[PDB]
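Below is the file protein_2.pdb, which contains PDB, C-alpha atoms.
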```
ATOM      1  CA  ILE A   1       0.000   0.000   0.000  1.00  0.00           C
ATOM      2  CA  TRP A   2       1.456   3.351  -1.053  1.00  0.00           C
ATOM      3  CA  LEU A   3      -0.064   4.845   2.082  1.00  0.00           C
ATOM      4  CA  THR A   4       3.407   5.366   3.331  1.00  0.00           C
ATOM      5  CA  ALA A   5       1.794   8.825   3.568  1.00  0.00           C
ATOM      6  CA  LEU A   6      -0.538   8.086   6.400  1.00  0.00           C
ATOM      7  CA  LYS A   7       2.374   6.121   7.716  1.00  0.00           C
ATOM      8  CA  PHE A   8       4.971   8.818   7.113  1.00  0.00           C
ATOM      9  CA  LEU A   9       2.661  11.059   9.102  1.00  0.00           C
ATOM     10  CA  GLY A  10       1.461   8.340  11.448  1.00  0.00           C
ATOM     11  CA  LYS A  11       5.103   7.826  12.456  1.00  0.00           C
ATOM     12  CA  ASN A  12       5.351  11.565  13.098  1.00  0.00           C
ATOM     13  CA  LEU A  13       1.972  11.703  14.743  1.00  0.00           C
ATOM     14  CA  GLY A  14       2.888   8.482  16.499  1.00  0.00           C
ATOM     15  CA  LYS A  15       6.103   9.946  17.830  1.00  0.00           C
ATOM     16  CA  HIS A  16       3.848  12.764  18.928  1.00  0.00           C
ATOM     17  CA  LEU A  17       1.336  10.281  20.313  1.00  0.00           C
ATOM     18  CA  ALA A  18       4.192   8.735  22.237  1.00  0.00           C
ATOM     19  CA  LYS A  19       5.340  12.198  23.278  1.00  0.00           C
ATOM     20  CA  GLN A  20       1.760  12.950  24.273  1.00  0.00           C
ATOM     21  CA  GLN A  21       1.857  10.062  26.729  1.00  0.00           C
ATOM     22  CA  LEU A  22       5.574  10.493  27.331  1.00  0.00           C
ATOM     23  CA  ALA A  23       4.827  14.037  28.392  1.00  0.00           C
ATOM     24  CA  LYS A  24       3.013  12.549  31.376  1.00  0.00           C
ATOM     25  CA  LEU A  25       5.741   9.970  31.891  1.00  0.00           C
TER      26      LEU A  25
END
```
For the file at hand, write its structure as structure tokens.
Amino acid sequence: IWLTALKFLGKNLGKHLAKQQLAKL
């Protein structure tokens, strides 16, 4: 799937998601 776009972002958003939780950790 060429959605490496949602993924390219997802990884960024994910890192952010992680950071989001990380922020509390």
Separation of CA of residue 8 (chain A) and CA of residue 23 (chain A), in Å?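 Computed distance, CA of residue 8 (chain A) to CA of residue 23 (chain A), equals 21.9 Å.
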Between CA of residue 5 (chain A) and CA of residue 17 (chain A) - distance in Å to one decimal: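 That distance, rounded to one decimal, is 16.8 Å.
Note that CA of residue 19 (chain A) and CA of residue 7 (chain A) are 17.0 Å apart.
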